[PDB]
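A lone chain, given as structure tokens: the form deposited in one PDB entry.
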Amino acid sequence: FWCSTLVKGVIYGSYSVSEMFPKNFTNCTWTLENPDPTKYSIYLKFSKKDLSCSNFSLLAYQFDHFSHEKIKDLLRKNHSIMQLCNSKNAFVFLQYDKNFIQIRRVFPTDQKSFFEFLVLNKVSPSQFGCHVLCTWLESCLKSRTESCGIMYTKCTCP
């Protein structure tokens, strides 16, 4: 019953939660498939400007054994499933590294929100890739002192 969206083969992606899923659909999930779990890693950066948690909720998790048809089952198992509603700051930078990544928008049973992802080669990152990595690194730095380090990549920049 859940509607799916499989986006794969891209480097950088910026989206709004309204585009992916409307309020008409009760529960749906958005999926990312890292092109190569060995050559590339995922860095996530979002911005929830007055996110509405009362109406719907958002969850994020990693999966590897083609288990997006058993999501509720996974919800019972708690396989690295984390919410982002209680997060203090909007500028969260979750970095992942698994074959598949699923973000579930679930009704309890919208341009203001923004989501962004990047793929980074663990050896030789591209110039633009690292460069925007630095950009949101400085965005995290400017904010308090948040833990913006998160295994700083080899990327070197001013």
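Just count from 1 along the sequence shown to find any residue number. For the two forms, the rigid core is made up of the largest set of C-alpha atoms that agree within 1.5 Å on superposition.
J.: Taking residue 143 and residue 144 as adjacent modelled residues, how many residues of the deposited sequence between them have no coordinates (none, 1 to 3, 4 to 9, 10 or more)?
T.: The entry has 1 to 3 unmodelled residues between residue 143 and residue 144.
J.: For the step residue 127 to residue 128, what size class fits the number of deposited residues with no coordinates, none, 1 to 3, 4 to 9, or 10 or more?
T.: Missing residues, residue 127 to residue 128: none.
The same protein also has a form deposited in another entry, omitted here; what follows describes it.
J.: Taking only shifts of 2 Å or more in Cα after a rigid core superposition between this form and the one not shown, tell me which of 127, 124, 54, 38 qualifies.
T.: Correct option: 54.
J.: Under a superposition restricted to the rigid core, does residue 14 display a Cα displacement of 2 angstroms or more between this form and the one not shown?
T.: No; that C-alpha moves by less than 2 Å between this form and the one not shown.
J.: Has the Cα of residue 64 moved 2 Å or more between this form and the one not shown, judged after a core fit?
T.: False for residue 64: its C-alpha shift is below 2 Å.
J.: Which is it in the other form for the CA atoms of residue 52 and residue 103, closer or farther than here, knowing they shift by 3 Å or more?
T.: Compared with this form, residue 52 and residue 103 lie closer in the other form.
J.: Do residue 118 and residue 72 move together or apart in the other form, judged by C-alpha distance changing 3 Å or more?
T.: Their C-alpha distance shrinks by at least 3 Å in the other form.
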